[PDB]
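Those letters in the sequence shown? Residues 1 to 125, by the entry's author numbering. Yeah, the Cβ is synthetic: ideal placement off N, Cα and C, and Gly gets one too. Below is one structure, written out as structure tokens; the observations come after it.
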Amino acid sequence: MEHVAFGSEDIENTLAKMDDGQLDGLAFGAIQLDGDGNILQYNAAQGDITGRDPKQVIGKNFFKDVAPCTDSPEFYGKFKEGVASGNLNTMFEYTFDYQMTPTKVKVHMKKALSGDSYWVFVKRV
Ligand SMILES: *C(=O)/C=C\c1ccc(O)cc1
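This is the structure:
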């Protein structure tokens, strides 16, 4: 394992050092998005929750293609405001239900240390 706790105050500093292989060692799902919602990184734990193959969704748009159940003011809406503002740090519960058994999760969205990249962290609840 990579020991990093979900919701940690400095998590963006910690994950700045990880290559895709290290992200696969986290205890929770991790997705890196650009400012347009395109998927830059997607880890193994996220594929285990949603059944998506990580290598197959890199490059796709999260909100438009992969995860349209998040295309809502409660999720996408918060993301877009955060990108527009250049600051994002929010946690909420959500249900993932697109082409899968409905799965209640905790979502943590946070701006990355780098310019135009954003993290989505996910864990089961
Ligand atoms: C809502 O769209 C649920 C499905 C889904 C699929 C993949 C990811 O990563 C999140 C949500």
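query, result
"Count the other C-beta atoms from every protein chain shown that fall within 10 angstroms of the C-beta of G77, then say buried if there are 16 or more, exposed otherwise.", "exposed"
"For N43 versus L15, is the C-beta spacing smaller than 8 Å?", "no"
"Is any heavy atom of ligand 1 found at a distance shorter than 7 Å from the C-beta of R52?", "yes"
"Hey, quick one: how far does the alpha helix (DSSP H) through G82 stretch, first residue to last?", "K78 to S85"
"Would DSSP call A30 helix, strand or coil?", "strand"
"When you compare only the Cα positions, how much space is there between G7 and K110?", "10 Å"
"Are the segment 92-103 and the segment 44-58 touching by the rule of at least three beta carbon pairs closer than 8 Å?", "yes"
"Is it true that the CB of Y94 sits closer than 8 Å to the CB of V83?", "no"
"Which of the three DSSP states, helix, strand or coil, is assigned to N13?", "helix"
"DSSP has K110 in a bridge; who is on the other side?", "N89 and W119"
"Can you give me the C-alpha to C-alpha distance between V66 and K60, rounded to a whole angstrom?", "7 Å"
"Going by DSSP, what residues sit across from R124 in a beta bridge?", "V105"
"Do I31 and ligand 3 come close, with the Cβ less than 7 Å from some heavy atom?", "In the structure on display, ligand 3 does not appear, and the ligands it does have are ligand 1."
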